[PDB]
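Enquirer: Handing you a structure now.
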Amino acid sequence: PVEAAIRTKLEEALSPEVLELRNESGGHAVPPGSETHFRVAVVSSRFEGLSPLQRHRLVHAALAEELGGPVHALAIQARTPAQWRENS
């Protein structure tokens, strides 16, 4: 399932601390074995040194197949552990 796959792929790609994620694709008339449509939240030490928009544009342009490989539509939120530890 694409949530276990994107978990594994992002753990190979950007070395996470933490994730909270969901598929929305049970909302659509999509074929059996299809999970087209997705949401992610992520914490990683790889997301500091950056503006929030700057890092988002970096995942969206760099990692388009690494996020959206088996998923024809998805959205992210990307975070740092010191922000997540305190308040988000």
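Residue names in the structure tokens use chain letters A, B, ... in the order shown, residue numbers from 1 in each chain, and ligand numbers from 1 in the order shown.
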In chain A, what's strand (DSSP E) per DSSP? Answer as a PDB file with N, CA, C and O atoms, in the first residue's frame?
Expert:
ATOM      1  N   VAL A  18      10.066  11.433  11.823  1.00  0.00           N
ATOM      2  CA  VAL A  18       8.650  11.249  12.224  1.00  0.00           C
ATOM      3  C   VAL A  18       7.710  11.455  11.029  1.00  0.00           C
ATOM      4  O   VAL A  18       8.032  12.243  10.141  1.00  0.00           O
ATOM      5  N   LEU A  19       6.558  10.768  10.980  1.00  0.00           N
ATOM      6  CA  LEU A  19       5.530  10.959   9.940  1.00  0.00           C
ATOM      7  C   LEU A  19       4.087  10.833  10.475  1.00  0.00           C
ATOM      8  O   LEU A  19       3.821  10.030  11.372  1.00  0.00           O
ATOM      9  N   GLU A  20       3.133  11.548   9.867  1.00  0.00           N
ATOM     10  CA  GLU A  20       1.691  11.342  10.016  1.00  0.00           C
ATOM     11  C   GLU A  20       0.982  11.594   8.681  1.00  0.00           C
ATOM     12  O   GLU A  20       1.017  12.681   8.115  1.00  0.00           O
ATOM     13  N   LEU A  21       0.359  10.563   8.142  1.00  0.00           N
ATOM     14  CA  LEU A  21      -0.047  10.503   6.729  1.00  0.00           C
ATOM     15  C   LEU A  21      -1.375   9.741   6.511  1.00  0.00           C
ATOM     16  O   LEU A  21      -1.843   9.059   7.429  1.00  0.00           O
ATOM     17  N   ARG A  22      -2.012   9.880   5.338  1.00  0.00           N
ATOM     18  CA  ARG A  22      -3.358   9.344   5.036  1.00  0.00           C
ATOM     19  C   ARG A  22      -3.625   9.271   3.526  1.00  0.00           C
ATOM     20  O   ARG A  22      -3.270  10.194   2.796  1.00  0.00           O
ATOM     21  N   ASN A  23      -4.323   8.233   3.056  1.00  0.00           N
ATOM     22  CA  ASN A  23      -4.892   8.195   1.712  1.00  0.00           C
ATOM     23  C   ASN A  23      -6.343   8.725   1.657  1.00  0.00           C
ATOM     24  O   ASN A  23      -7.197   8.363   2.464  1.00  0.00           O
ATOM     25  N   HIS A  37      -4.366   8.894  -4.489  1.00  0.00           N
ATOM     26  CA  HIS A  37      -4.682  10.203  -3.907  1.00  0.00           C
ATOM     27  C   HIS A  37      -4.289  10.264  -2.420  1.00  0.00           C
ATOM     28  O   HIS A  37      -4.808   9.477  -1.619  1.00  0.00           O
ATOM     29  N   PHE A  38      -3.412  11.202  -2.028  1.00  0.00           N
ATOM     30  CA  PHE A  38      -2.673  11.068  -0.762  1.00  0.00           C
ATOM     31  C   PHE A  38      -2.275  12.382  -0.037  1.00  0.00           C
ATOM     32  O   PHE A  38      -2.119  13.463  -0.627  1.00  0.00           O
ATOM     33  N   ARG A  39      -2.063  12.268   1.279  1.00  0.00           N
ATOM     34  CA  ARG A  39      -1.609  13.325   2.195  1.00  0.00           C
ATOM     35  C   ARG A  39      -0.487  12.816   3.095  1.00  0.00           C
ATOM     36  O   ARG A  39      -0.561  11.706   3.616  1.00  0.00           O
ATOM     37  N   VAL A  40       0.526  13.651   3.314  1.00  0.00           N
ATOM     38  CA  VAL A  40       1.677  13.376   4.190  1.00  0.00           C
ATOM     39  C   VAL A  40       1.968  14.549   5.118  1.00  0.00           C
ATOM     40  O   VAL A  40       1.973  15.706   4.701  1.00  0.00           O
ATOM     41  N   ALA A  41       2.370  14.226   6.338  1.00  0.00           N
ATOM     42  CA  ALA A  41       3.178  15.097   7.183  1.00  0.00           C
ATOM     43  C   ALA A  41       4.428  14.374   7.647  1.00  0.00           C
ATOM     44  O   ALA A  41       4.419  13.161   7.863  1.00  0.00           O
ATOM     45  N   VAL A  42       5.520  15.126   7.736  1.00  0.00           N
ATOM     46  CA  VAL A  42       6.848  14.606   7.927  1.00  0.00           C
ATOM     47  C   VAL A  42       7.650  15.554   8.820  1.00  0.00           C
ATOM     48  O   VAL A  42       7.636  16.767   8.626  1.00  0.00           O
ATOM     49  N   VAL A  43       8.431  14.984   9.734  1.00  0.00           N
ATOM     50  CA  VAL A  43       9.548  15.644  10.413  1.00  0.00           C
ATOM     51  C   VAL A  43      10.854  14.993   9.979  1.00  0.00           C
ATOM     52  O   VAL A  43      10.993  13.766  10.076  1.00  0.00           O
ATOM     53  N   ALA A  73      -1.967  12.066  -7.425  1.00  0.00           N
ATOM     54  CA  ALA A  73      -2.104  13.337  -6.702  1.00  0.00           C
ATOM     55  C   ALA A  73      -1.761  13.214  -5.208  1.00  0.00           C
ATOM     56  O   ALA A  73      -2.329  12.385  -4.497  1.00  0.00           O
ATOM     57  N   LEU A  74      -0.901  14.092  -4.697  1.00  0.00           N
ATOM     58  CA  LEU A  74      -0.613  14.203  -3.272  1.00  0.00           C
ATOM     59  C   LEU A  74      -0.174  15.579  -2.758  1.00  0.00           C
ATOM     60  O   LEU A  74       0.361  16.394  -3.512  1.00  0.00           O
ATOM     61  N   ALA A  75      -0.363  15.792  -1.448  1.00  0.00           N
ATOM     62  CA  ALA A  75       0.063  17.011  -0.733  1.00  0.00           C
ATOM     63  C   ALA A  75       0.905  16.725   0.534  1.00  0.00           C
ATOM     64  O   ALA A  75       0.638  15.745   1.237  1.00  0.00           O
ATOM     65  N   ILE A  76       1.917  17.560   0.833  1.00  0.00           N
ATOM     66  CA  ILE A  76       2.798  17.427   2.011  1.00  0.00           C
ATOM     67  C   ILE A  76       2.665  18.571   3.037  1.00  0.00           C
ATOM     68  O   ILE A  76       2.303  19.694   2.684  1.00  0.00           O
ATOM     69  N   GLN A  77       3.076  18.311   4.281  1.00  0.00           N
ATOM     70  CA  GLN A  77       3.615  19.314   5.217  1.00  0.00           C
ATOM     71  C   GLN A  77       4.945  18.824   5.823  1.00  0.00           C
ATOM     72  O   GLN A  77       5.009  17.726   6.379  1.00  0.00           O
ATOM     73  N   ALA A  78       6.012  19.618   5.707  1.00  0.00           N
ATOM     74  CA  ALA A  78       7.376  19.266   6.122  1.00  0.00           C
ATOM     75  C   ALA A  78       7.870  20.111   7.308  1.00  0.00           C
ATOM     76  O   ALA A  78       7.783  21.339   7.287  1.00  0.00           O
ATOM     77  N   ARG A  79       8.405  19.447   8.338  1.00  0.00           N
ATOM     78  CA  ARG A  79       8.698  20.014   9.663  1.00  0.00           C
ATOM     79  C   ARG A  79      10.083  19.605  10.205  1.00  0.00           C
ATOM     80  O   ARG A  79      10.699  18.632   9.752  1.00  0.00           O
TER      81      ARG A  79
END
Enquirer: So that I can check the surroundings of segment 60-69 of chain A, please list as a ChimeraX atom specification every protein, DNA and RNA residue that reaches within 9 Å of it, counting only C-alpha atoms and ignoring chain neighbours fewer than 3 positions away.
Expert: /A:6,9-10,13,38,55-57,72-74
Enquirer: Could you pull out the alpha helix (DSSP H) residues of segment 6-83 of chain A, going by DSSP on the backbone, and write them as a list in words?
Expert: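 Answer for segment 6-83 of chain A restricted to alpha helix (DSSP H) is residues 6, 7, 8, 9, 10, 11, 12, 13, 52, 53, 54, 55, 56, 57, 58, 59, 60, 61, 62, 64, 65, 66, 67, 68, 81, 82 and 83 of chain A.
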Enquirer: Could you please take those selected residues and save N, CA and C atoms as a PDB file, in the first residue's frame?
Expert:
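That gives us result36.pdb:
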ATOM      1  N   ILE A   6       5.619   4.817   0.474  1.00  0.00           N
ATOM      2  CA  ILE A   6       6.156   6.182   0.629  1.00  0.00           C
ATOM      3  C   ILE A   6       6.898   6.342   1.953  1.00  0.00           C
ATOM      4  N   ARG A   7       6.395   5.764   3.053  1.00  0.00           N
ATOM      5  CA  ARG A   7       7.150   5.613   4.316  1.00  0.00           C
ATOM      6  C   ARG A   7       8.540   5.035   4.057  1.00  0.00           C
ATOM      7  N   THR A   8       8.605   3.844   3.470  1.00  0.00           N
ATOM      8  CA  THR A   8       9.873   3.152   3.156  1.00  0.00           C
ATOM      9  C   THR A   8      10.788   3.960   2.214  1.00  0.00           C
ATOM     10  N   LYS A   9      10.242   4.498   1.116  1.00  0.00           N
ATOM     11  CA  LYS A   9      10.965   5.303   0.118  1.00  0.00           C
ATOM     12  C   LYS A   9      11.518   6.595   0.715  1.00  0.00           C
ATOM     13  N   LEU A  10      10.748   7.301   1.542  1.00  0.00           N
ATOM     14  CA  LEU A  10      11.192   8.523   2.221  1.00  0.00           C
ATOM     15  C   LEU A  10      12.215   8.217   3.327  1.00  0.00           C
ATOM     16  N   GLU A  11      12.123   7.053   3.976  1.00  0.00           N
ATOM     17  CA  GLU A  11      13.152   6.529   4.884  1.00  0.00           C
ATOM     18  C   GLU A  11      14.445   6.096   4.168  1.00  0.00           C
ATOM     19  N   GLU A  12      14.385   5.734   2.882  1.00  0.00           N
ATOM     20  CA  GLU A  12      15.549   5.604   2.001  1.00  0.00           C
ATOM     21  C   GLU A  12      16.036   6.970   1.444  1.00  0.00           C
ATOM     22  N   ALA A  13      15.163   7.975   1.312  1.00  0.00           N
ATOM     23  CA  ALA A  13      15.460   9.236   0.619  1.00  0.00           C
ATOM     24  C   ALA A  13      15.979  10.380   1.508  1.00  0.00           C
ATOM     25  N   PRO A  52      10.113  27.496   4.791  1.00  0.00           N
ATOM     26  CA  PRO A  52       9.099  26.455   4.599  1.00  0.00           C
ATOM     27  C   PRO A  52       8.659  26.313   3.128  1.00  0.00           C
ATOM     28  N   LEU A  53       8.442  27.436   2.431  1.00  0.00           N
ATOM     29  CA  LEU A  53       8.122  27.453   0.999  1.00  0.00           C
ATOM     30  C   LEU A  53       9.310  26.965   0.154  1.00  0.00           C
ATOM     31  N   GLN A  54      10.529  27.408   0.486  1.00  0.00           N
ATOM     32  CA  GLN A  54      11.770  26.984  -0.175  1.00  0.00           C
ATOM     33  C   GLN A  54      11.946  25.455  -0.121  1.00  0.00           C
ATOM     34  N   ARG A  55      11.802  24.842   1.068  1.00  0.00           N
ATOM     35  CA  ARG A  55      11.919  23.381   1.234  1.00  0.00           C
ATOM     36  C   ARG A  55      10.791  22.613   0.562  1.00  0.00           C
ATOM     37  N   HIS A  56       9.545  23.092   0.643  1.00  0.00           N
ATOM     38  CA  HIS A  56       8.404  22.527  -0.084  1.00  0.00           C
ATOM     39  C   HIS A  56       8.660  22.504  -1.597  1.00  0.00           C
ATOM     40  N   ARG A  57       8.977  23.655  -2.208  1.00  0.00           N
ATOM     41  CA  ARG A  57       9.378  23.754  -3.625  1.00  0.00           C
ATOM     42  C   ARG A  57      10.552  22.825  -3.959  1.00  0.00           C
ATOM     43  N   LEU A  58      11.488  22.620  -3.026  1.00  0.00           N
ATOM     44  CA  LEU A  58      12.569  21.638  -3.175  1.00  0.00           C
ATOM     45  C   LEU A  58      12.068  20.181  -3.213  1.00  0.00           C
ATOM     46  N   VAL A  59      11.141  19.743  -2.346  1.00  0.00           N
ATOM     47  CA  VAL A  59      10.576  18.370  -2.430  1.00  0.00           C
ATOM     48  C   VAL A  59       9.721  18.194  -3.693  1.00  0.00           C
ATOM     49  N   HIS A  60       9.000  19.234  -4.082  1.00  0.00           N
ATOM     50  CA  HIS A  60       8.032  19.226  -5.179  1.00  0.00           C
ATOM     51  C   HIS A  60       8.732  19.144  -6.537  1.00  0.00           C
ATOM     52  N   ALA A  61       9.856  19.852  -6.700  1.00  0.00           N
ATOM     53  CA  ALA A  61      10.689  19.784  -7.897  1.00  0.00           C
ATOM     54  C   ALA A  61      11.747  18.671  -7.881  1.00  0.00           C
ATOM     55  N   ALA A  62      12.414  18.404  -6.753  1.00  0.00           N
ATOM     56  CA  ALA A  62      13.398  17.322  -6.689  1.00  0.00           C
ATOM     57  C   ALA A  62      12.722  15.956  -6.681  1.00  0.00           C
ATOM     58  N   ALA A  64       9.480  14.674  -6.981  1.00  0.00           N
ATOM     59  CA  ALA A  64       8.174  14.432  -7.593  1.00  0.00           C
ATOM     60  C   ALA A  64       7.813  12.952  -7.835  1.00  0.00           C
ATOM     61  N   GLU A  65       8.760  12.109  -8.261  1.00  0.00           N
ATOM     62  CA  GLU A  65       8.549  10.663  -8.417  1.00  0.00           C
ATOM     63  C   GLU A  65       8.748   9.884  -7.109  1.00  0.00           C
ATOM     64  N   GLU A  66       9.449  10.436  -6.119  1.00  0.00           N
ATOM     65  CA  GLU A  66       9.797   9.790  -4.881  1.00  0.00           C
ATOM     66  C   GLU A  66       8.656   9.939  -3.864  1.00  0.00           C
ATOM     67  N   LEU A  67       7.918  11.054  -3.921  1.00  0.00           N
ATOM     68  CA  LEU A  67       6.613  11.251  -3.349  1.00  0.00           C
ATOM     69  C   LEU A  67       5.485  10.642  -4.208  1.00  0.00           C
ATOM     70  N   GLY A  68       5.425  10.995  -5.497  1.00  0.00           N
ATOM     71  CA  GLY A  68       4.258  10.816  -6.370  1.00  0.00           C
ATOM     72  C   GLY A  68       4.420   9.753  -7.446  1.00  0.00           C
ATOM     73  N   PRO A  81      12.342  18.692  13.997  1.00  0.00           N
ATOM     74  CA  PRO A  81      12.045  18.037  15.261  1.00  0.00           C
ATOM     75  C   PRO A  81      11.909  19.025  16.416  1.00  0.00           C
ATOM     76  N   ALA A  82      12.741  20.065  16.545  1.00  0.00           N
ATOM     77  CA  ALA A  82      12.568  21.030  17.638  1.00  0.00           C
ATOM     78  C   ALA A  82      11.203  21.747  17.599  1.00  0.00           C
ATOM     79  N   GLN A  83      10.653  22.040  16.412  1.00  0.00           N
ATOM     80  CA  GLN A  83       9.297  22.588  16.289  1.00  0.00           C
ATOM     81  C   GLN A  83       8.253  21.543  16.727  1.00  0.00           C
TER      82      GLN A  83
END
Enquirer: At what distance in Å, to one decimal, does atom CA of residue 1 of chain A lie from atom CA of residue 32 of chain A?
Expert: 11.9 Å
Enquirer: What is the atom CA of residue 14 of chain A to atom CA of residue 86 of chain A distance in Å?
Expert: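 Computing it gives 22.1 Å between the two atoms.
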Enquirer: Have a look at A:25, A:84, A:31, A:71 and name the one nearest to residue 44 of chain A; count only C-alpha atoms.
Expert: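 Closest to residue 44 of chain A, using only C-alpha atoms: A:84.
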Enquirer: Which one is closest to residue 17 of chain A: A:45, A:85, A:50, A:35? Count only C-alpha atoms.
Expert: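 Of the candidates, the smallest distance to residue 17 of chain A is held by A:45.
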Enquirer: May I ask for the distance between atom CA of residue 15 of chain A and atom CA of residue 2 of chain A, given in Å to one decimal place?
Expert: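 Between atom CA of residue 15 of chain A and atom CA of residue 2 of chain A the gap works out to 18.0 Å.
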